[PDB]
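To start, the structure under review is shown below, and the notes come after it.
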Ligand SMILES: *[C@@H]1O[C@H](CO)[C@@H](O)[C@H](O)[C@H]1NC(C)=O
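Protein chains in written order, with UniProt numbering: chain A, 563 to 612; chain B, 815 to 827, 856 to 864; chain C, 964 to 1012.
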């Protein structure tokens, strides 16, 4: 078994040469951002959401 | 939570995000 | 299942197509697979709405 497989049929493991390490494929992903602001007639201050 | 509420809670059991309820 | 489907293309991963196929007709294969993924996801969001 050189590489594993997940439900979504994507690569999640690999057999690196000379080390035989696990080396899971793509653990890290993106992150979401949202903006909270009041009406333009009051002010223009904003807040950042995750 | 109520004991009935607790029983009901116990009975109920990659590019995707789930919005938490408000 | 839909994102794992080939949708009639060569491979389900764009990286292999980009690193193997010539720039001609690679965009055709990419467009075909992504529009299969589209029509699947608009159908999906219609059932959820
Ligand atoms: C890669 O080579 C090393 C020795 O150079 C060997 O120990 C290892 O098993 C090899 N990896 C394989 C055959 O997957």
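Ideal Cβ positions, reconstructed from N, Cα and C, are used throughout, including at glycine.
| Item | Value |
| --- | --- |
| Compute every distance between the C-beta of residue 580 of chain A and the non-hydrogen atoms of ligand 1, then say whether any falls below 7 angstroms. | yes |
| Which two residues bound the contiguous alpha helix (DSSP H) that contains residue 609 of chain A? | Residue 609 of chain A -> not in any alpha helix (DSSP H); beta strand (DSSP E) instead, spanning 609 to 611. |
| Provide the residue span of the alpha helix (DSSP H) that contains residue 991 of chain C, from first to last. | 986 to 1011 |
| Provide the residue span of the alpha helix (DSSP H) that contains residue 980 of chain C, from first to last. | 977 to 983 |
| Counting C-beta neighbours from all protein chains within 10 Å, is the total for residue 1012 of chain C 16 or more, i.e. buried, or is it exposed? | exposed |
| Roughly how many angstroms separate the alpha carbons of residue 568 of chain A and residue 603 of chain A, rounded to a whole number? | 51 angstroms |
| By how many angstroms is the C-alpha of residue 586 of chain A removed from the C-alpha of residue 566 of chain A? | 9 angstroms |
| Less than 7 angstroms separating the Cβ of residue 577 of chain A from some heavy atom of ligand 1? | yes |
| Answer yes or no: does any C-beta atom of chain B fall closer than 8 angstroms to that of residue 609 of chain A? | no |
| In chain order, what residues of the same chain lie with their CB nearer than 8 angstroms to the CB of residue 606 of chain A, ignoring the 5 residues before and after it? | 599 |
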